[PDB]
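Chemist: Before I ask anything, let me first share the structure, which is written out below as structure tokens.
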Amino acid sequence: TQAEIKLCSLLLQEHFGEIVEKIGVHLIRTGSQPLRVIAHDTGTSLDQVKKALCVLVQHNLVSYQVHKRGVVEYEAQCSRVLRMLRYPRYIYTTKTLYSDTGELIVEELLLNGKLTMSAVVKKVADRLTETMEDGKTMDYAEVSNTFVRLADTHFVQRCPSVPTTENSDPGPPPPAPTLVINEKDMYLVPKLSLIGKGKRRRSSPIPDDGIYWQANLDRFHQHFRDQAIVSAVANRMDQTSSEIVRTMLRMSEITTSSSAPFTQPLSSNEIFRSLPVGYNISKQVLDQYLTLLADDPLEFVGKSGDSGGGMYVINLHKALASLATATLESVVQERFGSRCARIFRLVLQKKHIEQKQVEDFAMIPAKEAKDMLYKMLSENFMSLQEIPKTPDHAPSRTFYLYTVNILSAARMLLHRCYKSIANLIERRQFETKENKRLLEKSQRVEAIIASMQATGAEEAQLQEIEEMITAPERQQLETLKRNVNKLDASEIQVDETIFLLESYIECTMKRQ
Amino acid sequence: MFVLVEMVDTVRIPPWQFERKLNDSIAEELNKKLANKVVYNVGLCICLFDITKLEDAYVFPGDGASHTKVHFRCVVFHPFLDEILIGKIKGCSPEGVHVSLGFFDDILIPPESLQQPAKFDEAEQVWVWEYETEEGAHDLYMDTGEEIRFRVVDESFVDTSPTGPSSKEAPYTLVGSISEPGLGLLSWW
Amino acid sequence: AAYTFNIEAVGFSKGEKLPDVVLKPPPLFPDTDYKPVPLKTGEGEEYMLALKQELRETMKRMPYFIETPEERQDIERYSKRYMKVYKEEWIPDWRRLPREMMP
Amino acid sequence: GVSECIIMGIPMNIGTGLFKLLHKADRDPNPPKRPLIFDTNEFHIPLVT
Amino acid sequence: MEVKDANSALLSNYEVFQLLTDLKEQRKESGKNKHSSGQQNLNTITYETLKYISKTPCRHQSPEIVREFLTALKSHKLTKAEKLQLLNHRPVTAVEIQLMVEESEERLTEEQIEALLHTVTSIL
Amino acid sequence: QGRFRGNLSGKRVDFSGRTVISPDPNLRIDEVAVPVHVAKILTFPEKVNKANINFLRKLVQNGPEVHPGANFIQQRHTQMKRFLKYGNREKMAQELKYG
Amino acid sequence: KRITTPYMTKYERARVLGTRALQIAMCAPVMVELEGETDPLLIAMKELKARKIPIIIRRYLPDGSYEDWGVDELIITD
Amino acid sequence: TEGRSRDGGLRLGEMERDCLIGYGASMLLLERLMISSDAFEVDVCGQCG
RNA sequence: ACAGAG
DNA sequence: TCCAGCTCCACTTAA
DNA sequence: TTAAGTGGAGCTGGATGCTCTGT
């Protein structure tokens, strides 16, 4: 995981600083360590370790468990720091599904890690004073009305809470309080009759104290898993075929776990009432879709039942394999041409095939197909089987059967994506740092405008801003900004490939 | 205007100077090595101030000379930021005014920090200062160096090390200022 | 010239058509047959781009961005109070934090 | 070790390499330091509270 | 070689005047040798540095002149850099004390400034 | 014949000789008789100081062919050896400095 | 106090005569009155017999501590 | 070099090294095998090794 | 690679 | 030419 | 009935004195 530790070295530096990433990378790289050796193995002062640990235990990035002799060891979560890259995709998917108040609720949770409900309804209502005008303040009711609708849909979950020391072990204080999750009240919100108004930044006791709320990242990944399956059906068959897929997965939100190969089977009698009524479809045409989607050999859905009319299940693990295949075959075409992707689809279907059968079955001749075979074994998309005649395993007396393995090529393709994002961040931070003379010069001409904007700001200060020698230099600052906007956007779009890859790698692991 | 700089060093004393007290032979050897030289981060060393601790005088195998580790303090010309000095002019150039400070010579008064009523010359090297009532545009900065009084605003360390294998830039640079009222020649104020 | 190995076990049964001798090494950046697919645009893809650059400027200003402390300042002066970087300090919930982490 | 002192060309530790020699020069460790005049501690109480 | 402390103590230019003069008393009894230019770089930086000091008002001073110049200036609430520059250049008017004292018209009253002119020139 | 046994732990040296041996009881038990053909080839680099300058001037004046003699001469801070068979050795004996 | 042996060993004797001969080979001052000797090792042994060599033998114990013995206070022998 | 035809020079072998250790001779074992065979110096970067 | 010598 | 490690294979106990 | 830990048997990789003197 050298690409993961390199990429986590950048995300901790941009979002938290330099004397925290040395603590943060060292916990990922080596393992769970007590507190005295982290100051030793890195070399910072013991106070700066306590600052760097309290900022990493805040954002749910490192954990702690008590071990033998009462020592506390800190263990980082490498998968969690990589999910700091998907923050702009999280704030937008709570803008489509929820109001702009709910867009700011997730934003204060992702930027502070753990907050109380009383603190977030104040801070969101304060920040929504900028979004409004003309006497209308934001009040604590309609913020909390959006908040409790999130906890009904599990996008905000309660943190693991402190234990009750009056019930469990009264007496000597432990070095670490040994927190524990409670399944019942993760979403059982505390009641708040206290209301108020958001202050407009004029610049001139708590009932849920201890009840901290955090963003539930597993809920979004259940939601993003839906749109990968729903928009796949929308391209293949029909939009009416896609809404039926959209209907079943929305019903399967609260009733199945996030790791289940087959969801709860829903009968076709109750899908009909569950669909929105704008679709002029009968019960019989609804049974026509469910028997032609069952006719798909891709098996997005299945029958799996006979009682209650038409019983049908929609598949979860098999739907990811059809997407991760399409994820893995989309890059074979764009890197090596369309005629090379013909082979990668051929050797995938006929599971073990040789050279002579490929050139026959794919109508690509010798010396042009064999170049497209040999550039994929070196890129680890495709392997040999090497069935021998003798135990000598000599090359002149054996058969080399080509084979495409989905799992080994998907882990390989994910490992390229982590380094691909780290290279984009390194190119942006290179061009940002080398124009630190341009940006500060453009900042000083704007600071004359920014400072003294209204109080005593005469009109004879607008002509000395373009008058400085930055006037032909604006060509490069516009060449700067067209570079930063492309590299930031390409940093986001690679995360679409990661989620289709990482979900397939996660779902195929039994984790026994 | 100086600072003491506390340093450690290992000094070789060759064996023909064993007739002489070791406290005198170390002080002669450290002045032969540190005088008139700009150490990188601390500045220009003038002379040895004192020796503060003198450890054991080992004799290593393969040599008869006595090696001893020396703790000492050295006086260093290193003016702090925003300090007022007095010195003479070396001459004039379109790049600025070259101010001489006795032993030291690289002091640049930049044209962006000159006194504002004259900022550019009439294609001539010697810089002027135009006062309206008397001496318009001819109050000159003479190359013979009458005494001025300037204010240091910037100092810079360039690492004069070899870049590349083997087989003259100024390492200790200093940027003064004159634009404050009261600075300048000793005649003007 | 003859080698230690047999060429006939490598190949070259005719005895001719040996590969040519590379005179100059290949370039650092060999040119590509295919190009990057252009980016996806739209009103959803661009708002996430706008939200991303706002998070850099935000999280660099928050007190969780623990800067490194300054040192080796040369002298004291009265302008230190004018150059005092003021910023509010966040304090955690020590009930959730272990006891070994108090300042 | 002995065998890799012979390879690396440094003198070995056994034999005559076990001890170190000092030269008995006329030396005065800790000589009387020069007193400072300006920056003594009794005249420079700091400015800030 | 290695440096243990970058800025140990501030030095008045009288302390260098006493240092280079007492260095000269044991110097020039043994000339340079042309075994190396170490005796060359020593002699140029020692002679010329004392000549720059020999035009400054740091001459004719004593230790106890400096010991009382810091004594009278103890009750004026000035920094070490503001107490040092009053000894090296001997300010005689109130225009350069606005340079040697930062925000001089805001920390010190006009009488407090003018008493500082009498403090320097009557001791030095 | 590798590096470790053949060239590192044991290696060929110079200032060394090898001859047939033969007895002599008129010597002591701590003496050895070196032939003059080997005593002219083998040299010991004697530094010039205050105690041996009059001896080494005569050993330079004998030269490389008469037996109490010298084959090379090296200046004080130079690394180049003047081969003493040529030149006037009465001049190079007068210029013997210390070191 | 000092607990190690008071007799100079053969290794101390050999290296003291070696380092003293290398010092006398360079132009170091001689503590005894030489009488026509040219080999520096012979002058070193005359200085050893007369107890005048300015070398302090520092003996390192295997833990890290040491003892500073003078040459003029070890018992010399054959 | 090797032999009498090539003006060779003699060999402190493996066994004669073992005798010089037994005497405790450290500087003689340094002079024979470093100073008078193949003495040399190298430039070493102390950072990257 | 072979022969010698101690 | 002689000798320690490494790996393969039957052979009891234990459930 | 069989899972498993440990014996005995075969395979493999290592080693075997110091120099000069010549063709």
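In the structure tokens, each chain is lettered A, B, ... as it comes, each chain's residues begin at 1, and ligands are numbered from 1 in order of appearance.
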Considering only C-alpha atoms, tabulate each residue of region 10-120 of chain E that lies at most 10 Å from region 64-84 of chain B along with its nearest interatomic pair and the corresponding distance in Å to one decimal; arrange the rows by chain and ascending residue number and present them as a tab-separated table.

Modeler:
residue	atom	partner	partner_atom	distance
E:10	CA	B:80	CA	9.8
E:11	CA	B:75	CA	8.6
E:16	CA	B:75	CA	8.3
E:19	CA	B:75	CA	9.7
E:49	CA	B:77	CA	9.8
E:81	CA	B:83	CA	8.2
E:82	CA	B:83	CA	9.3
E:85	CA	B:84	CA	7.6
E:88	CA	B:84	CA	9.8
E:89	CA	B:84	CA	8.7
E:96	CA	B:84	CA	9.2
E:99	CA	B:84	CA	7.8
E:100	CA	B:84	CA	7.2
E:102	CA	B:82	CA	9.7

Chemist: With N, CA, C and O atoms retained, export the selected residues as a compact mmCIF listing (two decimals), in the first residue's frame.

Modeler:
# COMPACT_ATOMS: atom_id res chain seq x y z
N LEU E 10 24.31 40.29 22.75
CA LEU E 10 24.51 41.52 22.00
C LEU E 10 25.77 42.21 22.49
O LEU E 10 26.07 42.20 23.69
N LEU E 11 26.52 42.80 21.56
CA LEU E 11 27.80 43.42 21.88
C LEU E 11 27.79 44.90 21.53
O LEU E 11 27.51 45.27 20.39
N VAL E 16 34.39 45.63 21.62
CA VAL E 16 35.28 45.24 20.54
C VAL E 16 36.50 46.14 20.51
O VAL E 16 37.59 45.71 20.12
N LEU E 19 38.71 44.78 22.93
CA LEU E 19 39.16 43.45 22.52
C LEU E 19 40.27 43.53 21.48
O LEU E 19 41.29 42.85 21.60
N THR E 49 38.94 46.79 10.96
CA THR E 49 37.76 46.84 11.82
C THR E 49 37.96 47.81 12.97
O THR E 49 37.02 48.51 13.37
N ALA E 81 17.62 46.22 21.94
CA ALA E 81 18.06 46.85 20.71
C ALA E 81 17.89 48.36 20.75
O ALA E 81 18.63 49.07 20.06
N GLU E 82 16.94 48.87 21.53
CA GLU E 82 16.79 50.30 21.69
C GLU E 82 17.73 50.87 22.74
O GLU E 82 18.00 52.08 22.73
N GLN E 85 21.59 50.95 20.72
CA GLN E 85 21.89 51.94 19.69
C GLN E 85 22.11 53.32 20.29
O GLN E 85 22.68 54.20 19.63
N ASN E 88 26.04 53.29 20.90
CA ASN E 88 27.00 53.16 19.80
C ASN E 88 27.13 54.42 18.96
O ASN E 88 28.22 54.70 18.46
N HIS E 89 26.06 55.19 18.80
CA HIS E 89 26.09 56.34 17.91
C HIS E 89 25.99 57.68 18.62
O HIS E 89 26.26 58.71 17.98
N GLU E 96 16.75 61.49 15.32
CA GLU E 96 17.24 60.13 15.16
C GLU E 96 16.78 59.23 16.30
O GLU E 96 16.88 58.00 16.18
N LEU E 99 14.11 57.41 15.10
CA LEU E 99 14.56 56.25 14.34
C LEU E 99 15.02 55.12 15.26
O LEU E 99 14.74 53.95 15.00
N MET E 100 15.74 55.46 16.34
CA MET E 100 16.26 54.43 17.22
C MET E 100 15.20 53.86 18.15
O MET E 100 15.40 52.77 18.70
N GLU E 102 11.24 52.71 18.18
CA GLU E 102 10.08 52.45 17.34
C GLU E 102 8.81 52.95 18.00
O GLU E 102 8.59 52.72 19.20

Chemist: With a distance cut-off of 12 Å and only C-alpha atoms (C1' of nucleotides), select the neighbouring residues of residue 13 (chain J), excluding the residue or stretch itself and same-chain residues fewer than 5 positions from it, and output the selection as a PyMOL selection string.

Modeler: chain K and resi 2-6

Chemist: Counting only C-alpha atoms, a student should be able to say which residues of chain H come within 9 Å of chain F; what is the right answer, written as a list in words?

Modeler: residues 1, 2, 8, 9, 10, 11, 12, 13, 14, 15, 16, 17, 32, 33, 36, 37 and 38 of chain H

Chemist: With DSSP run on the backbone, what are the alpha helix (DSSP H) residues within chain C? I'd like them as an MDAnalysis selection string.

Modeler: chainID C and resid 7:10 45:59

Chemist: Might you pull out every residue within 12 Å of residue 62 (chain F), with only C-alpha atoms (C1' of nucleotides) counted and same-chain residues fewer than 3 positions away left off, and present them as a PyMOL selection string?

Modeler: chain F and resi 40+55-59+65-71+84-85+88-90+92-93

Chemist: To one decimal place, how far is CA of residue 437 (chain A) from CA of residue 7 (chain A) in Å?

Modeler: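 Separating CA of residue 437 (chain A) from CA of residue 7 (chain A) is a distance of 27.3 Å.
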